[PDB]
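**Q** Have a look at the structure that comes next, please.
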Amino acid sequence: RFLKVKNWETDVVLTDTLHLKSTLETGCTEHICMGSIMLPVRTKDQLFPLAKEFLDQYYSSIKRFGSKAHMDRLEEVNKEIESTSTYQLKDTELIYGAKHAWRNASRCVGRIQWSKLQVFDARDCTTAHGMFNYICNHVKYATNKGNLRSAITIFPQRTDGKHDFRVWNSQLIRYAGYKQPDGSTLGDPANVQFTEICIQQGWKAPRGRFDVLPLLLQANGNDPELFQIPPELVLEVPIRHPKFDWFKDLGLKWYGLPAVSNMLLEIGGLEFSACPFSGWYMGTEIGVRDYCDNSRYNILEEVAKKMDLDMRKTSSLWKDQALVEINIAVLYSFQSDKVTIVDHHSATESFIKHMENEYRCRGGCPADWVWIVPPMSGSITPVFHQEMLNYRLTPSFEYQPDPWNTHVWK
Amino acid sequence: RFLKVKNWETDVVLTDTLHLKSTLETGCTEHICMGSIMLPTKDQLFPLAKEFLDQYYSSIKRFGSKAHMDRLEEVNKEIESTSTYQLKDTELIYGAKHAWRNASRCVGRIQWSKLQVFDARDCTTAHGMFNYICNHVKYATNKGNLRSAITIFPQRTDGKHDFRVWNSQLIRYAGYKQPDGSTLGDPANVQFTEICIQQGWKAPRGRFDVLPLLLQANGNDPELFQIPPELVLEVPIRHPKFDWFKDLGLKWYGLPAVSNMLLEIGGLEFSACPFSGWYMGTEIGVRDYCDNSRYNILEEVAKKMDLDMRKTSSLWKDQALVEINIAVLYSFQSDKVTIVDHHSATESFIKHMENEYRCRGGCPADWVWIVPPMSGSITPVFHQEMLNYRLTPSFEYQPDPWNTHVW
Ligand code: HEM
Ligand code: HEM
Ligand SMILES: C[C@H](O)[C@H](O)[C@H]1CNc2nc(N)[nH]c(=O)c2N1
Ligand SMILES: C[C@H](O)[C@H](O)[C@H]1CNc2nc(N)[nH]c(=O)c2N1
Ligand SMILES: N=C(NO)NCCC[C@H](N)C(=O)O
Ligand SMILES: N=C(NO)NCCC[C@H](N)C(=O)O
Ligand SMILES: [Zn+2]
């Protein structure tokens, strides 16, 4: 079956066949679309088929499908599974796997970069301190003094579900949040609960507005341990405006390395519960969401005041005006400090090219419109006008419950 | 099953059961989501009619009454005898209001119950249609204090006597392909603008020429008519700070009136049912003015603002967009024409959503269409999970007439 996708701005029409290889569910039925819903131990039985599918994809990618090497590997894996219930990926299959999980991530607008990924193999790791060392190396490599390089660190896969490796932080680098008795919040509201766990675990919080959280690492299913990231490895950017000299006095700054660390990476049926990955920021992530979401730093008013905008009536679009300037400030500050960043216009334009390329060479590109379209100036970016098809391909990155909700303390 | 919807900004959670009454398909499947795709017999009729009458009588607290039963049998006998039936005025009004209530792509449904319904089922000719339309335009415009309304022409019979308004909106601007290769006016209507020519209209070849109505009655060929200019309210667009803005020579009409959709009530199909409410600022300022395939004006305004358009990262497009939208809203409010900004509109929709969830068990909503084309996340609906599904009565899309008409 063929599925047509049309861009109402260019009239360009694409044909998708890739969706035929989609196995996982979407949450939608023939009667209801849950497209805007944020989030709607395996047995030997369902393992080999998943392994076989993957290896077939892998060997086909290297143009060795059906080869003796291909058949031996399948037999090798089958034996290993039956013999140990699981199996180990070869270094090459791991790299191929990680890259495709990224390639298949429908909510990522930066996928034009999918093939350029530095994969750090941390499968020999056994302790929390070991995890800390691998993570410090990832941050330094990826940061590269501001010339960011995409990378992912992969810790030991899940076995029986009782020896999981986990990075309790949602991002390797993020600011602490503290609830005050008066009901207000100091820092980032998004990280309040995790911050409380850190404090409870022994972290001495400096209680500021931008305190870099400590890493809480869980190795081999044991209780998590606290580690502070060497400050010299944490690249930050003070935020100032190119025309508003008072902007700098707002006291805003942000970290340069976005590193999601709470997702699960699935490759050939294997589950890697600790797989922190990083690329570089698209401006709006910080300027629109982290700074202006009512439930985050929420700086729209304070910025609007300084600009002395008519905040009496929404129809003045004061919020909209303050929003643009703040985003101008983020992009300007990063570029001035020579820290990699991309604006939403460039990022979306590149994605369209990537997407068209993918339909031609791969037969499709699963994409989540709700997530791909930027949180500001939506329709003046090409993706808004692009019809998309969302489906799940493996390997892939998945959500997983926060560890503090499932962990059995020792 | 009982689905839940969460707002990630307020944590509020709502349970939806109304979806369990959905009957039509969404276009999606367990394997693929097409949420962003713009457009994914007597035996057939009675069940549809029955479903409708049951909800009608249920709404009037007479479910399972003799009146209910009587009407059910009357329509039943009517369908069996005439292969169709006629809705009572009360059922027609309830149907139209609910089709609006069920329009998952409309952000202004908090106004759903306040709709003026013009019964034009006695219309027989194009002239009659022009008269009814003129009256609708005048009633809804109301000197600037816009009032929502819909005019319902005769329902389909054998598909060969369909009533159709060929325009896509009662009031729109023409578009012409110039020698330059460029487009004069609104590119979105270039094709229709030509069918009017190809039919007789004397286009003024201007940038903002109000198109002529092309009305089709009883399947006959469509006819042209000029809407009395005195009835077409327009707003000159100026900025409340950039005196140079007026020189751009921009203006827009005050009455948004979709006229190419199909109203379905109790199985019956009303192929000519123009409806109007009032504009949300962004529709004109963001989409009609800045869409690359529309008036695409960002640059001109950008140049006149003298900002660095060398690098996309200066966000000149974003700055310019905001101003163009401040101007539209300013111009309308200044001339006293009803208009709502995206902030106020989305706030009201969230309130409506909450009312709907506690009173009807849900509210079908299309997130892709509900979230404004600008400042998405600073409006509440961005953070609101929504469930999209189809409920009848409903407003549906339908093929353009010139692709089906047999002259
Ligand atoms: C090179 C620069 C990259 C850019 C500019 C980019 C941009 C983005 C943005 C803007 C989002 C949405 C973030 C949000 O709303 O929270 C996103 C999500 C995502 N990206 Fe990328 N990305 C990049 C690199 C990567 C890399 C290296 C990977 C994986 C190896 C990746 C995996 C994903 C995934 C899985 C998501 C969804 C996360 C979630 O559900 O919260 N991205 N990306
Ligand atoms: C009172 C003011 C109203 C406001 C502020 C409002 C606003 C909107 C907006 C912003 C859209 C999206 C327009 C687009 O992107 O093309 C829309 C679509 C729609 N509205 Fe409303 N609306 C109002 C009244 C009405 C009325 C009176 C009806 C029906 C009787 C209605 C039925 C619909 C339908 C069916 C659509 C989708 C049309 C399509 O698919 O192109 N609206 N409305
Ligand atoms: C409810 C809705 O799904 C939610 O607010 C989504 C919308 N689009 C998004 N898009 C991106 N990139 N990131 C997000 O966190 C969200 N949040
Ligand atoms: C391809 C995509 O569905 C398309 O551009 C949609 C997106 N959201 C929209 N939302 C509204 N209100 N109106 C539109 O015309 C669109 N166009
Ligand atoms: N660009 C990326 N990945 O490289 N973003 C990841 C999520 C970051 C998150 N949106 C933030 O603002 O912190
Ligand atoms: N607000 C309404 N209806 O009341 N919009 C209907 C479609 C109008 C279309 N979006 C335009 O900008 O012309
Ligand atoms: Zn869907």
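Within each chain, counting starts at residue 1; across the structure tokens, chains are named A, B, ... in the order shown, with ligands numbered 1 upward in that order.
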Please find the residues contacting ligand 2 at a distance of at most 7 Å between atoms, with only C-alpha atoms and all ligand atoms counted, and report them as a PyMOL selection string.
**A** chain B and resi 96-97+100+103+105-109+111+115+148-150+275-280+283+340+345+369+395
**Q** Sorted by chain and rising residue number, which residues of chain A lie within 12 Å of ligand 7, and what are their closest atom pairs and distances in Å to one decimal, counting only C-alpha atoms and all ligand atoms, as JSON lines?
**A**
```
{"residue": "A:25", "atom": "CA", "partner": "ligand 7", "partner_atom_place_in_ligand_line": "1 (Zn)", "distance": 10.9}
{"residue": "A:26", "atom": "CA", "partner": "ligand 7", "partner_atom_place_in_ligand_line": "1 (Zn)", "distance": 7.5}
{"residue": "A:27", "atom": "CA", "partner": "ligand 7", "partner_atom_place_in_ligand_line": "1 (Zn)", "distance": 7.6}
{"residue": "A:28", "atom": "CA", "partner": "ligand 7", "partner_atom_place_in_ligand_line": "1 (Zn)", "distance": 4.9}
{"residue": "A:29", "atom": "CA", "partner": "ligand 7", "partner_atom_place_in_ligand_line": "1 (Zn)", "distance": 7.3}
{"residue": "A:30", "atom": "CA", "partner": "ligand 7", "partner_atom_place_in_ligand_line": "1 (Zn)", "distance": 8.5}
{"residue": "A:31", "atom": "CA", "partner": "ligand 7", "partner_atom_place_in_ligand_line": "1 (Zn)", "distance": 9.3}
{"residue": "A:32", "atom": "CA", "partner": "ligand 7", "partner_atom_place_in_ligand_line": "1 (Zn)", "distance": 6.9}
{"residue": "A:33", "atom": "CA", "partner": "ligand 7", "partner_atom_place_in_ligand_line": "1 (Zn)", "distance": 3.6}
{"residue": "A:34", "atom": "CA", "partner": "ligand 7", "partner_atom_place_in_ligand_line": "1 (Zn)", "distance": 5.3}
{"residue": "A:35", "atom": "CA", "partner": "ligand 7", "partner_atom_place_in_ligand_line": "1 (Zn)", "distance": 4.6}
{"residue": "A:36", "atom": "CA", "partner": "ligand 7", "partner_atom_place_in_ligand_line": "1 (Zn)", "distance": 8.3}
{"residue": "A:37", "atom": "CA", "partner": "ligand 7", "partner_atom_place_in_ligand_line": "1 (Zn)", "distance": 9.7}
{"residue": "A:40", "atom": "CA", "partner": "ligand 7", "partner_atom_place_in_ligand_line": "1 (Zn)", "distance": 11.1}
{"residue": "A:367", "atom": "CA", "partner": "ligand 7", "partner_atom_place_in_ligand_line": "1 (Zn)", "distance": 11.9}
{"residue": "A:368", "atom": "CA", "partner": "ligand 7", "partner_atom_place_in_ligand_line": "1 (Zn)", "distance": 10.0}
{"residue": "A:369", "atom": "CA", "partner": "ligand 7", "partner_atom_place_in_ligand_line": "1 (Zn)", "distance": 10.7}
{"residue": "A:370", "atom": "CA", "partner": "ligand 7", "partner_atom_place_in_ligand_line": "1 (Zn)", "distance": 10.9}
{"residue": "A:388", "atom": "CA", "partner": "ligand 7", "partner_atom_place_in_ligand_line": "1 (Zn)", "distance": 10.8}
{"residue": "A:389", "atom": "CA", "partner": "ligand 7", "partner_atom_place_in_ligand_line": "1 (Zn)", "distance": 9.0}
{"residue": "A:390", "atom": "CA", "partner": "ligand 7", "partner_atom_place_in_ligand_line": "1 (Zn)", "distance": 8.0}
{"residue": "A:391", "atom": "CA", "partner": "ligand 7", "partner_atom_place_in_ligand_line": "1 (Zn)", "distance": 9.6}
```
**Q** With N, CA, C and O atoms retained, could you export that selection as an mmCIF file, in the first residue's frame?
**A**
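Listing of out_7.cif after writing:
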```
data_model
loop_
_atom_site.group_PDB
_atom_site.id
_atom_site.type_symbol
_atom_site.label_atom_id
_atom_site.label_comp_id
_atom_site.auth_asym_id
_atom_site.auth_seq_id
_atom_site.Cartn_x
_atom_site.Cartn_y
_atom_site.Cartn_z
ATOM 1 N N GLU A 25 2.662 -0.007 17.828
ATOM 2 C CA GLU A 25 1.382 0.704 17.759
ATOM 3 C C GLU A 25 1.574 2.217 17.866
ATOM 4 O O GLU A 25 2.639 2.687 18.263
ATOM 5 N N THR A 26 0.534 2.974 17.521
ATOM 6 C CA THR A 26 0.604 4.435 17.552
ATOM 7 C C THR A 26 -0.246 5.087 18.640
ATOM 8 O O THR A 26 0.041 6.204 19.074
ATOM 9 N N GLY A 27 -1.292 4.395 19.072
ATOM 10 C CA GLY A 27 -2.168 4.949 20.087
ATOM 11 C C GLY A 27 -3.453 5.414 19.431
ATOM 12 O O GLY A 27 -4.461 5.651 20.095
ATOM 13 N N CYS A 28 -3.408 5.542 18.109
ATOM 14 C CA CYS A 28 -4.567 5.969 17.337
ATOM 15 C C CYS A 28 -5.329 4.754 16.831
ATOM 16 O O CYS A 28 -4.752 3.686 16.627
ATOM 17 N N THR A 29 -6.631 4.924 16.635
ATOM 18 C CA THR A 29 -7.473 3.856 16.117
ATOM 19 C C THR A 29 -8.158 4.417 14.881
ATOM 20 O O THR A 29 -8.006 5.597 14.557
ATOM 21 N N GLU A 30 -8.912 3.575 14.189
ATOM 22 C CA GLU A 30 -9.610 4.020 12.995
ATOM 23 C C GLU A 30 -10.761 4.947 13.392
ATOM 24 O O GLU A 30 -11.462 5.487 12.534
ATOM 25 N N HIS A 31 -10.930 5.142 14.699
ATOM 26 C CA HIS A 31 -11.998 5.984 15.229
ATOM 27 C C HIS A 31 -11.532 7.193 16.032
ATOM 28 O O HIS A 31 -12.320 8.100 16.300
ATOM 29 N N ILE A 32 -10.265 7.210 16.430
ATOM 30 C CA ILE A 32 -9.752 8.335 17.204
ATOM 31 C C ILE A 32 -8.263 8.570 16.995
ATOM 32 O O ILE A 32 -7.477 7.625 16.962
ATOM 33 N N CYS A 33 -7.885 9.836 16.846
ATOM 34 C CA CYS A 33 -6.486 10.202 16.656
ATOM 35 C C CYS A 33 -5.948 10.816 17.938
ATOM 36 O O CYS A 33 -6.478 11.816 18.429
ATOM 37 N N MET A 34 -4.898 10.205 18.478
ATOM 38 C CA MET A 34 -4.276 10.694 19.700
ATOM 39 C C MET A 34 -2.918 11.302 19.355
ATOM 40 O O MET A 34 -1.963 11.214 20.134
ATOM 41 N N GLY A 35 -2.854 11.928 18.182
ATOM 42 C CA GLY A 35 -1.626 12.546 17.711
ATOM 43 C C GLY A 35 -1.018 13.626 18.591
ATOM 44 O O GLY A 35 0.188 13.871 18.519
ATOM 45 N N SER A 36 -1.837 14.271 19.419
ATOM 46 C CA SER A 36 -1.345 15.327 20.298
ATOM 47 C C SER A 36 -1.091 14.838 21.727
ATOM 48 O O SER A 36 -0.761 15.629 22.605
ATOM 49 N N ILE A 37 -1.254 13.540 21.961
ATOM 50 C CA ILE A 37 -1.018 12.977 23.285
ATOM 51 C C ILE A 37 0.495 12.819 23.492
ATOM 52 O O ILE A 37 1.188 12.210 22.671
ATOM 53 N N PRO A 40 1.077 8.197 24.705
ATOM 54 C CA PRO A 40 -0.023 7.225 24.684
ATOM 55 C C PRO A 40 0.455 5.772 24.721
ATOM 56 O O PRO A 40 1.424 5.444 25.405
ATOM 57 N N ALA A 367 7.481 11.124 10.937
ATOM 58 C CA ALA A 367 7.635 12.425 11.584
ATOM 59 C C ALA A 367 6.393 12.830 12.370
ATOM 60 O O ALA A 367 5.263 12.619 11.922
ATOM 61 N N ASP A 368 6.615 13.416 13.546
ATOM 62 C CA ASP A 368 5.522 13.870 14.406
ATOM 63 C C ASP A 368 5.359 15.387 14.242
ATOM 64 O O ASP A 368 6.112 16.179 14.827
ATOM 65 N N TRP A 369 4.377 15.781 13.439
ATOM 66 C CA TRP A 369 4.101 17.190 13.161
ATOM 67 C C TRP A 369 3.961 18.043 14.441
ATOM 68 O O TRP A 369 4.503 19.148 14.543
ATOM 69 N N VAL A 370 3.221 17.527 15.406
ATOM 70 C CA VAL A 370 3.004 18.236 16.670
ATOM 71 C C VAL A 370 4.330 18.657 17.310
ATOM 72 O O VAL A 370 4.434 19.750 17.880
ATOM 73 N N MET A 388 2.703 15.041 7.238
ATOM 74 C CA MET A 388 3.634 14.043 7.729
ATOM 75 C C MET A 388 2.919 12.772 8.144
ATOM 76 O O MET A 388 1.724 12.776 8.410
ATOM 77 N N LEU A 389 3.664 11.679 8.179
ATOM 78 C CA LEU A 389 3.117 10.400 8.576
ATOM 79 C C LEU A 389 3.929 9.960 9.773
ATOM 80 O O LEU A 389 5.159 9.908 9.718
ATOM 81 N N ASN A 390 3.247 9.668 10.867
ATOM 82 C CA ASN A 390 3.947 9.246 12.058
ATOM 83 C C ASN A 390 3.728 7.759 12.298
ATOM 84 O O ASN A 390 2.593 7.282 12.336
ATOM 85 N N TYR A 391 4.830 7.030 12.431
ATOM 86 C CA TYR A 391 4.787 5.611 12.716
ATOM 87 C C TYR A 391 6.073 5.228 13.418
ATOM 88 O O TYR A 391 7.055 5.973 13.384
#
```
**Q** Expressed in Å to a single decimal, how great is the separation between atom CA of residue 4 of chain B and atom CA of residue 363 of chain B?
**A**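 Computing it gives 11.9 Å between the two atoms.
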**Q** Compile the residues of chain B that lie within 7 Å of chain A, evaluated using only C-alpha atoms, and express the compilation as a ChimeraX atom specification.
**A** /B:9,22,24-37,291-293,312-315,318-319,322,326,329,341,343,367-368,373-378,385-389
**Q** Grab me every residue within 6 Å of ligand 5, counting only C-alpha atoms and all ligand atoms, and send it over as a PyMOL selection string.
**A** chain A and resi 258+260+278-282+285-286+290
**Q** Using DSSP on the backbone coordinates, identify all residues within segment 6-127 of chain B classified as helix (DSSP H, G or I); present the result as a ChimeraX atom specification.
**A** /B:18-21,42-59,66-82,89-101,109-111,126-127
**Q** Can you pull out every residue within 10 Å of residue 141 of chain B, counting only C-alpha atoms, but drop anything in the same chain fewer than 4 positions away, and send it as an MDAnalysis selection string?
**A** chainID B and resid 135:137 145:149 231:233 254:256 276:278 337:338
**Q** Which neighbours of segment 113-130 of chain A fall inside 8 Å, counting only C-alpha atoms, when residues of the same chain fewer than 5 positions from it are skipped, and could you give them as a CSV table (one decimal) with N, CA and C atoms, in the first residue's frame?
**A**
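File selection_37.csv, as written:
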```csv
chain,number,residue,atom,x,y,z
A,91,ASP,N,30.2,-4.5,17.9
A,91,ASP,CA,30.4,-3.1,18.0
A,91,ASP,C,29.8,-2.4,16.8
A,95,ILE,N,26.7,0.5,16.7
A,95,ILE,CA,26.8,1.8,16.1
A,95,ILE,C,25.7,2.0,15.1
A,98,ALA,N,22.4,2.5,17.1
A,98,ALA,CA,22.2,3.8,17.6
A,98,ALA,C,21.9,4.9,16.6
A,99,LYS,N,22.6,4.8,15.5
A,99,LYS,CA,22.3,5.8,14.4
A,99,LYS,C,20.9,5.7,13.9
A,100,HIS,N,20.4,4.5,13.7
A,100,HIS,CA,19.0,4.3,13.2
A,100,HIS,C,18.0,4.7,14.2
A,102,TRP,N,18.2,7.1,16.0
A,102,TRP,CA,18.1,8.6,15.8
A,102,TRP,C,17.4,8.8,14.5
A,103,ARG,N,17.8,8.1,13.5
A,103,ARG,CA,17.2,8.3,12.1
A,103,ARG,C,15.6,8.0,12.2
A,138,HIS,N,32.0,11.9,27.8
A,138,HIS,CA,31.0,12.2,26.8
A,138,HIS,C,30.8,13.8,26.7
A,149,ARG,N,29.6,18.3,19.1
A,149,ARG,CA,29.6,17.1,18.3
A,149,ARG,C,28.6,16.1,18.8
A,150,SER,N,27.7,15.6,18.0
A,150,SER,CA,26.7,14.7,18.4
A,150,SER,C,27.4,13.4,19.0
A,151,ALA,N,26.8,12.9,20.1
A,151,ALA,CA,27.4,11.7,20.7
A,151,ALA,C,26.4,11.0,21.6
A,152,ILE,N,26.6,9.7,21.7
A,152,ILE,CA,25.7,8.9,22.6
A,152,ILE,C,26.6,7.9,23.4
A,153,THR,N,26.3,7.7,24.6
A,153,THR,CA,27.1,6.7,25.5
A,153,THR,C,26.1,5.6,25.8
A,154,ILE,N,26.5,4.4,25.5
A,154,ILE,CA,25.6,3.3,25.8
A,154,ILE,C,26.1,2.3,26.9
A,155,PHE,N,25.4,2.3,28.0
A,155,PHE,CA,25.7,1.4,29.1
A,155,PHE,C,25.1,0.0,28.9
A,156,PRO,N,25.5,-1.0,29.8
A,156,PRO,CA,25.0,-2.3,29.7
A,156,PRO,C,23.4,-2.4,29.5
A,157,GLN,N,23.0,-3.3,28.6
A,157,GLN,CA,21.6,-3.6,28.4
A,157,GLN,C,20.9,-4.2,29.6
A,217,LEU,N,23.6,8.5,39.6
A,217,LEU,CA,23.8,7.3,38.7
A,217,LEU,C,23.6,5.9,39.4
A,218,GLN,N,22.8,5.1,38.7
A,218,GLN,CA,22.5,3.8,39.1
A,218,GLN,C,23.2,2.7,38.2
A,219,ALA,N,24.0,1.9,38.8
A,219,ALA,CA,24.7,0.9,38.0
A,219,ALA,C,24.3,-0.5,38.5
A,220,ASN,N,24.1,-1.3,37.5
A,220,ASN,CA,23.8,-2.7,37.8
A,220,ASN,C,22.7,-3.0,38.8
A,224,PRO,N,21.3,4.4,43.5
A,224,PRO,CA,22.0,5.5,42.8
A,224,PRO,C,23.0,6.2,43.7
A,225,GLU,N,24.0,6.8,43.1
A,225,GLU,CA,25.1,7.5,43.8
A,225,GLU,C,25.3,8.9,43.2
```
**Q** For atom CA of residue 50 of chain B and atom CA of residue 264 of chain B, determine how far apart the two atoms are, in Å to one decimal place.
**A**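 Interatomic distance, atom CA of residue 50 of chain B to atom CA of residue 264 of chain B: 13.9 Å.
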**Q** Would you pick out the contacts of residue 405 of chain A at 12 Å or less, using only C-alpha atoms, so that residues sharing its chain but fewer than 5 positions from it are not included, and give the list as an MDAnalysis selection string?
**A** chainID A and resid 168 193:194 197 400
**Q** With only C-alpha atoms and all ligand atoms as the basis for distance, which of A:134, A:57, A:231, A:383 is at the shortest distance from ligand 4?
**A** A:383
**Q** Which of these residues is nearest to residue 364 of chain A, using only C-alpha atoms: A:175, A:52, A:393, A:240?
**A**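 With only C-alpha atoms as the atom set, the closest residue is A:393.
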**Q** Can you tell me, as number ranges by chain, what residues are no more than 10 Å from segment 238-242 of chain B when counting only C-alpha atoms, ignoring any on the same chain fewer than 2 positions away?
**A** A: 316; B: 235-236, 244-251, 304-305, 323-332, 334
**Q** For N, CA, C and O atoms, I'd like the residues from the last selection saved as a compact mmCIF listing (two decimals), in the first residue's frame.
**A**
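What ended up in again26.txt:
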```txt
# COMPACT_ATOMS: atom_id res chain seq x y z
N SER A 316 -2.31 43.66 22.08
CA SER A 316 -1.15 44.48 21.73
C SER A 316 -0.06 43.52 21.28
O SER A 316 0.92 43.92 20.64
N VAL B 235 -11.59 46.64 5.96
CA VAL B 235 -10.77 47.37 6.92
C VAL B 235 -9.39 47.71 6.35
O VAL B 235 -8.62 46.82 5.99
N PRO B 236 -9.06 49.01 6.26
CA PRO B 236 -7.75 49.41 5.74
C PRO B 236 -6.75 49.09 6.84
O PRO B 236 -7.01 49.39 8.01
N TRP B 244 4.33 54.35 7.97
CA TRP B 244 4.61 53.91 6.61
C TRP B 244 3.80 52.68 6.21
O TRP B 244 3.64 52.38 5.02
N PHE B 245 3.28 51.97 7.20
CA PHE B 245 2.51 50.75 6.97
C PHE B 245 1.37 50.93 5.97
O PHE B 245 1.17 50.11 5.08
N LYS B 246 0.62 52.02 6.12
CA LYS B 246 -0.50 52.31 5.24
C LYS B 246 -0.09 52.33 3.78
O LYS B 246 -0.90 52.04 2.91
N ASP B 247 1.16 52.68 3.51
CA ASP B 247 1.65 52.75 2.14
C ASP B 247 1.74 51.38 1.48
O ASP B 247 1.79 51.27 0.25
N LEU B 248 1.76 50.33 2.30
CA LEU B 248 1.81 48.97 1.79
C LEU B 248 0.54 48.75 0.98
O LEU B 248 0.48 47.87 0.11
N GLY B 249 -0.48 49.55 1.28
CA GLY B 249 -1.75 49.47 0.58
C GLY B 249 -2.55 48.21 0.86
O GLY B 249 -3.30 47.75 0.01
N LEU B 250 -2.40 47.67 2.07
CA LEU B 250 -3.10 46.45 2.46
C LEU B 250 -4.46 46.72 3.13
O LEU B 250 -4.66 47.73 3.80
N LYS B 251 -5.38 45.78 2.93
CA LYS B 251 -6.72 45.84 3.51
C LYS B 251 -7.31 44.43 3.47
O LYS B 251 -6.83 43.58 2.71
N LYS B 304 10.95 47.75 4.93
CA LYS B 304 10.46 49.00 5.49
C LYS B 304 10.73 49.16 6.98
O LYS B 304 10.60 50.25 7.53
N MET B 305 11.12 48.07 7.63
CA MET B 305 11.44 48.11 9.06
C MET B 305 12.95 48.24 9.19
O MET B 305 13.48 48.48 10.28
N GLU B 323 4.67 42.41 14.04
CA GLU B 323 4.18 43.74 13.68
C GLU B 323 2.99 43.69 12.73
O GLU B 323 2.01 44.41 12.92
N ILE B 324 3.06 42.83 11.72
CA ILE B 324 1.99 42.69 10.75
C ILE B 324 0.69 42.27 11.43
O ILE B 324 -0.41 42.63 10.99
N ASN B 325 0.83 41.51 12.52
CA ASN B 325 -0.33 41.04 13.27
C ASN B 325 -0.84 42.07 14.26
O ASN B 325 -2.02 42.06 14.63
N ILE B 326 0.04 42.95 14.71
CA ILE B 326 -0.36 44.00 15.63
C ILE B 326 -1.18 45.00 14.83
O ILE B 326 -2.14 45.57 15.33
N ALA B 327 -0.79 45.17 13.57
CA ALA B 327 -1.44 46.08 12.65
C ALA B 327 -2.86 45.63 12.29
O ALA B 327 -3.79 46.44 12.33
N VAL B 328 -3.01 44.36 11.94
CA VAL B 328 -4.32 43.81 11.59
C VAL B 328 -5.29 44.00 12.75
O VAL B 328 -6.39 44.54 12.57
N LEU B 329 -4.89 43.57 13.94
CA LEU B 329 -5.73 43.70 15.12
C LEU B 329 -6.06 45.16 15.43
O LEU B 329 -7.18 45.49 15.84
N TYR B 330 -5.07 46.03 15.24
CA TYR B 330 -5.24 47.45 15.48
C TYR B 330 -6.23 48.05 14.50
O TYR B 330 -7.15 48.77 14.89
N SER B 331 -6.06 47.76 13.22
CA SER B 331 -6.94 48.27 12.18
C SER B 331 -8.40 47.88 12.39
O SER B 331 -9.30 48.71 12.21
N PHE B 332 -8.64 46.62 12.74
CA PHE B 332 -10.00 46.12 12.97
C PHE B 332 -10.64 46.77 14.20
O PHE B 332 -11.78 47.23 14.14
N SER B 334 -9.81 49.54 15.56
CA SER B 334 -9.97 50.97 15.29
C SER B 334 -11.26 51.26 14.51
O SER B 334 -11.98 52.19 14.85
```
**Q** Residues within 12 Å of segment 353-357 of chain B, please, as JSON, numbers by chain. Count only C-alpha atoms; anything in the same chain fewer than 4 positions from it doesn't count.
**A** {"B": [3, 4, 5, 6, 7, 12, 13, 14, 15, 16, 17, 18, 19, 101, 102, 104, 106, 107, 108, 109, 110, 111, 112, 346, 347, 348, 349, 361, 362, 363, 364, 365, 370, 380, 381, 384, 385, 386, 387]}
**Q** Using DSSP on the backbone coordinates, identify all residues within segment 54-218 of chain A classified as strand (DSSP E or B); present the result as a list in words.
**A** residues 118, 119, 120, 121, 151, 152, 153, 154, 166, 167, 171, 175, 177, 178, 179, 185, 186, 187, 212, 215, 216, 217 and 218 of chain A
**Q** Report, in Å with one decimal, the straight-line distance from atom CA of residue 104 of chain A to atom CA of residue 170 of chain A.
**A**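 These atoms are spaced 20.8 Å apart.
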